[PDB]
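Here's a solo chain for you in structure tokens, the form deposited in one PDB entry.
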């Protein structure tokens, strides 16, 4: 058996995805950079057996298509699976799209043709995505012309998805109805793609609602409409493909492969025949609203999660250090700080960035250097822990402020309670619950909160 960390060193965290963290890693010999998805066996249950997982992995490694993330290597130890793939630096598609000021059916067809091309290839090889959504569409690089790379093709079959809301934000919009009821095949990926297309041309989800369950209720009925004013600007051809992708009964839904031949794809992907190319201004602005909303809700939930973790870890670390403190003087040396922090990781295991003893030593060293000025031998375990725990908080609180600022597009400094409803509905915090909380933060408020007030609301919503 091969050991992951004998071959790769963790450089930095790329983000948090379905089933676990993705870490930028580097081969310790060749220097090749890779994006490693680390799946915690304790947080993510397997659906299949080891036989079946290894076969899929072995197949996946052999597949090559320009629109599918390349898998290079697969590792397993006691506590995790490590999926090693190519790293892409262009970010999520929609985050790129909202940075444009011009966006047309030609742009959308370029995009969707890639997606369908990737899907078609994977379906030929009898791999289904099932959880296809905009997060799973990355851009190869930061270029304008960058190819799309679909991530996470095949994992859904072998791993059971988190039931935590922080992990399933914006899943409901894209799931095919047959997935909800249990009998599904590869046509579910066409539906998901159709939802994404609808969004690209209108900037609104076709199936929408105030909370996760209302969205699902709409999905399951399967009814949607084109009566939004911004569809008047959209080709009939595009709407036709949409209807075919959003066909309820899977045996009647267009295949990925056939979707590629559809008139709309054939017409709007000719690099030069731009016969009518208006820019879909309303759509792009709806998408920017949509995206900012999703990202703020996500950030709020991870903020609350981080605050709950730091309660847990602070107490556990203190108890570990306390017991290591044989003097009772409240001081410890470096090796002991490292040992307890490893003992913490021994227990916690939510920290894929600490892939070996070498990662731990350096985090501890970041903190001991950060202890401002240094006396060597006898260190006040109390303050360490304060600062060691106070990293992650602000790191996930920075993102909160960033996301608040990004959502507040008119730079008003505040969020209206209408907007709060939308954000909390998306985050699935019950309506009565968040208003009670508001009322306690600012007893005088007039239907809007600034960043600090919003933050105070979140703290109350995670039991502080």
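Under this definition, the rigid core comprises the largest set of C-alpha atoms superposing within 1.5 Å between the forms. Numbering follows the first chain given and starts at 1.
K.L.:
Report, as yes or no, whether residue 272 is left without coordinates in at least one third of the other compared entries.
P.N.:
Across the other compared entries, residue 272 is absent from at least a third.
K.L.:
Counting only other entries where the flanking residues are modelled, do a third or more lack residue 73?
P.N.:
Residue status for residue 73: no gap in any other entry.
K.L.:
Look over 205-213 and 117-125 in the entry and identify the one with the greater average Cα temperature factor.
P.N.:
Per the PDB record, 205-213.
K.L.:
Between 298-306 and 262-270, which has the larger average Cα B-factor in the PDB entry?
P.N.:
It is 262-270.
K.L.:
Checking the record values for 171, 255, 156, 143, which has the greatest CA B factor?
P.N.:
Highest C-alpha B-factor among the listed residues goes to 143.
K.L.:
For the listed 130, 223, 239, 100, which has the peak Cα B-factor recorded in the PDB entry?
P.N.:
Across 130, 223, 239, 100, the entry lists the biggest C-alpha B-factor for 100.
K.L.:
Taking only the Cα B-factors deposited for this chain, tell me whether residue 191 sits in the lowest, middle or highest third.
P.N.:
Lowest third.
K.L.:
Per the entry's values, where does residue 396 land by CA temperature factor relative to the rest of its chain, in the lowest, middle or highest third?
P.N.:
Residue 396: CA B-factor falls in the highest third of its chain.
K.L.:
Once the chain's modelled residues are ordered by C-alpha B factor and cut into thirds, is residue 402 in the lowest, middle or highest one?
P.N.:
Residue 402: CA B-factor falls in the middle third of its chain.
K.L.:
Looking at the C-alpha B-factor of residue 92, is it in the lowest, middle or highest third of its chain?
P.N.:
Its C-alpha B-factor, which the entry lists for residue 92, ranks in the lowest third among residues of this chain.
K.L.:
Could you place residue 56 in the lowest, middle or highest third of its chain by Cα temperature factor, using the values in the record?
P.N.:
Middle third.
We do not show the form deposited in another entry, though everything after this point is about it.
K.L.:
Which listed residue (402, 42, 55, 47) has a Cα shift of at least 2 Å between this form and the one not shown, rigid core superposed?
P.N.:
So the only displaced C-alpha belongs to 402.
K.L.:
So, does residue 102 move by 2 Å or more at the CA between this form and the one not shown, with the core held fixed?
P.N.:
Result for residue 102: no, shift under 2 Å.
K.L.:
Once the core is aligned, does residue 378 move its Cα by at least 2 Å between this form and the one not shown?
P.N.:
Residue 378 C-alpha, core-superposed: shift of 2 Å or more.
K.L.:
With a threshold of 2 Å on the C-alpha, tell me if residue 454 counts as moved between this form and the one not shown once the core is superposed.
P.N.:
Yes, its C-alpha moves 2 Å or more.
K.L.:
Relative to the form shown here, do the C-alpha atoms of residue 286 and residue 410 sit closer together or farther apart in the other entry, given a change of 3 Å or more?
P.N.:
Here the pair is closer than in the other entry; there, farther apart.
K.L.:
Closer or farther: how do the Cα atoms of residue 286 and residue 447 compare in the other entry relative to this form, given a change of at least 3 Å?
P.N.:
It is closer: in the other entry, the C-alpha atoms of residue 286 and residue 447 lie at least 3 Å nearer than they do here.
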